[PDB]
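Here's a solo chain for you in structure tokens, the form deposited in one PDB entry.
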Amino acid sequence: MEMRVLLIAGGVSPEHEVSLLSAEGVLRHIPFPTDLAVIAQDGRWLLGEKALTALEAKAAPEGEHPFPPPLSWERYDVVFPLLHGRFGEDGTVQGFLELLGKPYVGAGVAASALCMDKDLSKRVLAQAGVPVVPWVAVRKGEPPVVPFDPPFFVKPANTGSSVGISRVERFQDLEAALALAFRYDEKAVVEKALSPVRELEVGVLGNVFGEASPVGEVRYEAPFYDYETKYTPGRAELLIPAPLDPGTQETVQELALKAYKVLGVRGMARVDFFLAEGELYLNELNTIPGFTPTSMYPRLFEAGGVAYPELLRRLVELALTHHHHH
């Protein structure tokens, strides 16, 4: 096999360990020769055996090479940026790879930045006619103006793995929840809490003609789908396909493929939905979904007849068929 892929995992985001968990899942199944590069939590890079060493530790606090790393970029045909969250999924790493001229897996700069921002993405989706949960954006220092009644969900505008997210019951608790989210981002969203709710997720694969995976449902007993529930094995109940009627599942896939085109995503995406009182709401769209043992995106496509190595192979091919079209 002549194809050579550079996998980049880790990062300075709070999802650093999740990224390393995703690297292990991709390295186990990718059918091409693949080297790993790890971004440590201090921003410095680890290469070669030191990157594989940090992968066994499932955490990399300190690195060796400051950015830009002395990496032989001409060795690799495709770069796989497996960096969840800030400085990896928000367009920053994508912009660096665009200047290197390398083909890379996943969405481009604008689509990565647009989808990581829980406020700007909802504005675009609401403008295209996609149903979303009522919300408002709160900037740091600016007092909150919430035109709907609690319960709320307070999130950092650019977050992942449910980090910094709080379920708020009384308006008294809003200022403390906003202060937690402001630890992770200068901007936060306050969303109306759907109670009760079912959580549905669909994977999308493709550049121009994206195709949807079967609809899956996630169930749990924690207050919400939080960090511990997402990544502790066995804590989350992953139901594929979702025990819904076919009509709702078809509508979920229709909405996912539409949001995929509206937001300009290419490569891949996991689209999360809320089902409450028969009404569908698009929650978010993740351009670099997790590939951890408890993650949903790889399982969603295996049920659809696309095995784990076939999914990763099509991700790498899509990065090349997009690059050739300039």
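Residue numbers here begin at 1 and follow the sequence given. We call the rigid core whatever largest set of C-alpha positions still superposes within 1.5 Å between the two forms.
Not pictured, yet referred to below: the form deposited in another entry.
Superposing the rigid core between the shown form and the other one leaves a single residue from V252, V79, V93, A177 with a C-alpha shift of at least 2 Å: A177. Once both forms are fitted on their rigid core, the CA atom of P131 lies less than 2 Å apart between the shown form and the other one. Superposition of the core reveals a Cα shift of less than 2 Å for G108 between the shown form and the other one. After superposition on the rigid core, the Cα atom of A188 is displaced by 2 Å or more between the shown form and the other one. In the other form, the Cα atoms of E217 and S161 sit 3 Å or more farther from each other than they do here.
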